[PDB]
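A.B. asks: Sharing a structure here in structure tokens format.
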Amino acid sequence: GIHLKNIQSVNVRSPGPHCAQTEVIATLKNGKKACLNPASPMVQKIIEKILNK
Amino acid sequence: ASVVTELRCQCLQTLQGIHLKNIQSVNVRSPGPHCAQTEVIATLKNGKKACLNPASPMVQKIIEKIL
Amino acid sequence: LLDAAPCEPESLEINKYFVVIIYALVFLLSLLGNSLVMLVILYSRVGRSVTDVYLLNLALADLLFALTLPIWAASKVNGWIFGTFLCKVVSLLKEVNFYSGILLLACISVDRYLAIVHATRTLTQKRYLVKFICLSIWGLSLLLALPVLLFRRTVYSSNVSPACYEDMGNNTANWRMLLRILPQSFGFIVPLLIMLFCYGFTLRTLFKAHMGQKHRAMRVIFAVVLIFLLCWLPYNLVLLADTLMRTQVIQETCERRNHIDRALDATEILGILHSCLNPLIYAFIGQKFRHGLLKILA
């Protein structure tokens, strides 16, 4: 449950040979990388708001 | 890895119409100190990189389909 | 139009390795020179003329700038790994000392103009306000350096290592471009105009007299002006080119981006030489300082 104001960027990695599960990695303003659950609609909402930004 | 005195937008032109069958991953950067616009960068399976227009509904549809 | 694609950045090892040596050498020379000048000025209280105070303040500014150099060299090496507080403090100190150094050069030029062209008139007596003028210059430098303190932090990116950049919000790029006007106006154009005017009239009045040492003074003035130009003009021109490119006046391309980045770094290296060179051009080229330094060896 990372707040929007702290998210700097989002990277979405699709399934591949090295990983069978979709990954969402959020890079925060403080430089720490966090993992997000793809199934959570909050991530999709965050992405939509960022795109509309 | 590298040192740069000043930061710039990672994209110059804005392409559209990428086939998801070739896309391997997608990165989205909100407008920060780096640049004044939201940037979407798609890395394909062959190692090439492409830039997507944030305003294109097709880009948003592709991103959500990836998720 | 598949030609469009990200412009990957490129970094070299040779520049990293050589820049550290250059910065360390400049640090050593500047430290030694400023120490010598301060020692000479402070040791003896006789003959504490206005130029002595001006040179003392210039030496202090250069000493602080050199003291701040090594952290900047480390940052150039590996990127700013040293947090936010140090980014703010060091950027503040660097910019304050740079502005004060430039404005002190301008003030010394004004003093020479008052003391030569207007030697016979009643205006020259206004050159005994070194204390208040120097205080005003330092205060103006501190006022001008505020934007660095207010909007500087580390920026974490994927392509590039962390940098002690500015973070003004959504439209940070445009605001940074606007803030760049201050270093190029109160830092280059205004002092350049003042120096050119003052030294032009000084040369005009000198060339018409019959003094014995006129030629050496003319050569010294030419040397000072050329050193200032060579030290600062390249960096300012490259910065203006970068501003124009961001404004789309000149076509923007990845090759141009790399070229301008390299030019910015090289011109910053070159312009850093001013702190080391100032003790030689302004102070040690004088007879009084040399005689005093020779005396102090007792």
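Read the figures in this text as sums done on the coordinates, not as results from a lab. Ideal geometry is used to build each Cβ from the backbone, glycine not excepted, and the neighbour counts take in all protein chains shown.
A.B. asks: Might you let me know whether the range C:25-46 holds any residue that is within 14 Å of another protein chain (Cβ to nearest Cβ) and among the small types (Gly, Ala, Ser)?
C.D. replies: No, the range C:25-46 has no match at all.
A.B. asks: Then there is this: So residue C:85 fits all but one of (1) closer than 30 Å to residue C:126 by Cβ; (2) out of contact with any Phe, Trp or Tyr (no Cβ under 7 Å at 6 or more places or on another chain); (3) aromatic (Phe, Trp, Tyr); what number is the exception?
C.D. replies: (1)
A.B. asks: Of the residues C:140, C:226, which single one is in a helix (DSSP H, G or I), without any contact (Cβ under 8 Å) to a residue 24 or more places away in the chain and closer than 29 Å to residue C:64 by Cα?
C.D. replies: Matching residue, one of C:140, C:226: C:226.
A.B. asks: May I ask you to list the residues in the range B:1-13 that are crowded, with 17+ Cβ neighbours inside 10 Å and either touching a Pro at 6+ places or on another chain (Cβ under 8 Å) or more than 20 Å from residue C:255 (Cβ to Cβ) (or both)?
C.D. replies: B:4, B:7, B:10, B:11
A.B. asks: Can you go through C:294, C:203 and tell me which one is within 28 Å of residue C:60 (Cα to Cα) and part of a helix (DSSP H, G or I)?
C.D. replies: Testing whether each residue is within 28 Å of residue C:60 (Cα to Cα) and part of a helix (DSSP H, G or I) leaves just C:294.
A.B. asks: In the list B:35, B:51, which residue meets the criterion of being closer than 30 Å to residue C:262 by Cα, within 12 Å of the chain's Cα centre (by Cα) and surrounded by 15 or more Cβ atoms within 10 Å (Cβ to Cβ)?
C.D. replies: Step by step, each of B:35, B:51 is checked, and only B:51 is closer than 30 Å to residue C:262 by Cα, within 12 Å of the chain's Cα centre (by Cα) and surrounded by 15 or more Cβ atoms within 10 Å (Cβ to Cβ).
Okay, residues lined up against (1) within 14 Å of chain A (Cβ to nearest Cβ); (2) out of contact with any strand residue (DSSP E or B) (no Cβ under 9 Å at 6 or more places or on another chain); (3) not β-branched (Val, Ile, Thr):
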residue: C:113; (1), (2), (3): no, yes, yes
residue: C:117; (1), (2), (3): no, yes, no
residue: C:125; (1), (2), (3): no, yes, yes
residue: C:142; (1), (2), (3): no, yes, yes
residue: C:165; (1), (2), (3): yes, no, yes
residue: C:176; (1), (2), (3): no, no, yes
residue: C:186; (1), (2), (3): no, yes, yes
residue: C:189; (1), (2), (3): no, yes, no
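A.B. asks: Name the one entry in C:244, C:237 that is over 27 Å from residue C:58 (Cα atoms) and either assigned to a helix (DSSP H, G or I) or free of Cβ contacts under 8 Å to residues at least 60 places away in the same chain (or both).
C.D. replies: Just a single option satisfies the conditions, and that option is C:244.
A.B. asks: Moving to a separate point now. Only one of C:154, C:172 is among the β-branched types (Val, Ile, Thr), in contact with a helix residue (DSSP H, G or I) (Cβ under 8 Å, 6 or more places away or on another chain) and either surrounded by 16 or more Cβ atoms within 10 Å (Cβ to Cβ) or away from every other protein chain (no Cβ under 13 Å) (or both); which?
C.D. replies: C:154
A.B. asks: Answer with yes or no whether residue B:59 is at the interface with chain C (Cβ under 7 Å from one of its Cβ atoms) and buried (at least 18 other Cβ atoms within 10 Å of the Cβ).
C.D. replies: Spelling it out, it is not the case that residue B:59 is at the interface with chain C (Cβ under 7 Å from one of its Cβ atoms) and buried (at least 18 other Cβ atoms within 10 Å of the Cβ).
A.B. asks: Can you name every residue in the range C:10-31 that is part of a helix (DSSP H, G or I) and either of a type in the set (D, E, K, R) or surrounded by fewer than 13 Cβ atoms within 10 Å (Cβ to Cβ) (or both)?
C.D. replies: C:13, C:14, C:16, C:17, C:18, C:21, C:25, C:28, listed by residue number.
A.B. asks: Of all residues in the range C:258-291, how many are more than 14 Å from every other protein chain (Cβ to nearest Cβ) and more than 19 Å from residue C:31 (Cα to Cα)?
C.D. replies: Counting residues in the range C:258-291 that are more than 14 Å from every other protein chain (Cβ to nearest Cβ) and more than 19 Å from residue C:31 (Cα to Cα) gives 4.
A.B. asks: May I pose another question? Just wondering, is there one or more residues in the range C:72-87 that are crowded, with 21+ Cβ neighbours inside 10 Å, assigned to a loop (DSSP other than H, G, I, E, B) and among the aromatic types (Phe, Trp, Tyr)?
C.D. replies: yes
A.B. asks: Just to be sure I understand the filter: pairs with C-beta atoms under 8 Å, separated by 6 or more residues or on different chains, first member in the range C:279-291 and under 21 Å from residue C:45 (Cβ atoms), second member in a loop (DSSP other than H, G, I, E, B). Which pairs pass?
C.D. replies: C:288/C:47
A.B. asks: Restricting attention to the range C:256-298, report how many residues are farther than 17 Å from residue B:5 by Cβ and among the charged types (D, E, K, R).
C.D. replies: Summing the residues that are farther than 17 Å from residue B:5 by Cβ and among the charged types (D, E, K, R) in the range C:256-298 gives 3.
A.B. asks: Which numbered condition in (1) among the aromatic types (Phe, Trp, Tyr); (2) loosely packed, with under 12 Cβ neighbours inside 10 Å; (3) within 14 Å of another protein chain (Cβ to nearest Cβ) is the only one that residue C:132 fails?
C.D. replies: So residue C:132 meets the others, but not (3).
A.B. asks: Quick one: count up the residues across chain A that are in a loop (DSSP other than H, G, I, E, B) and away from chain C (no Cβ under 14 Å).
C.D. replies: Final tally of qualifying residues: 14.
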